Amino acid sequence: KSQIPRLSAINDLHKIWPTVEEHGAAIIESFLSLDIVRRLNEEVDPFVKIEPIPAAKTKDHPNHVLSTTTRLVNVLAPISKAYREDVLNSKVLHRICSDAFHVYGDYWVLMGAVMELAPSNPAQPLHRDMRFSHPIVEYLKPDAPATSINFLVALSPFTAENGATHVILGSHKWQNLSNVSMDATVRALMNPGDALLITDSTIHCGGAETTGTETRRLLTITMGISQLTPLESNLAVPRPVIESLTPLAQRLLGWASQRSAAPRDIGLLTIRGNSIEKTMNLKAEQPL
């Protein structure tokens, strides 16, 4: 059966979104450089090691869906310099997102998370994202343009044996989900820095870790229209960190007003006709 289309981030930039819209998935080879992956991993390392189980009883908002052998750490801007600078300002990410969301308007990060799966982590059930946070998305018309997309960036090797992601190609256009079976999937085999890009309608799942030794890690970046509420908050991020970012990165983290694509757009998160950034006199690119 047909494999997931593979595209260069360097040469095939304009082909990436059209490919995903047609097939429901694409692999962006070298989405992040090996340098950025190294720094990213180094910076988040301790935070994933201290992370408790998804549904730990200490948590206000426990995640009862993810397996107990999953560690997910979000709100990465205060943790990681590589994330807040390099990936939040990724030229490739921003071309794809503007390609994807131009019908709606501004987009932002719904969640940037590092996921690490312990050895022998079981396969996830096949699913579409967004159904445990945004019930609204299920009420969208079948042909409505995708309101969110997910970059699953490999931070270690994705192999068949260590639980590389499964996708069902074309499943983003499925209405009837009775064809849903692991029999219909193909794998996202990836080197560190490659990204699997899917939509909120692409049926997919984490793979079974079968070696019993390897630890698979990924950076999942759910980008979505600014009209939908993020899964994570950057409200508690220190102001010196926010003010070190570019204006674009600030907007992505909810530290700016937003705009819809409506011809006479009246805006989102505004303050009596003025933006957040003006009202709070928020500075940008102030180094730490």
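All residue numbers refer to positions in the sequence shown, first residue = 1.
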Worksheet, complete the sentence: The stretch whose C-alpha atoms carry the larger average B-factor in the entry, 186-194 or 146-154, is 186-194
Discussion item. Quick check: 177-185 versus 164-172, which has the larger average CA B-factor in the record?
Written reply: 177-185
Worksheet item: For the listed residues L231, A26, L34, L66, which one has the largest C-alpha B-factor as given in the deposited model?
Response: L34
Fill in: Third of chain Cα B-factors occupied by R251
lowest
Item to complete: Would you mind ranking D200 by its C-alpha B-factor against the rest of the chain and naming the third, lowest, middle or highest?
Response: lowest
Worksheet entry | Among modelled residues of the same chain, the CA temperature factor third for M280 | highest
Worksheet item: In terms of the chain's CA B-factor thirds, is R71 lowest, middle or highest?
Response: middle
Worksheet item: Thinking about Cα B factors across the chain, which third does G224 belong to?
Response: lowest
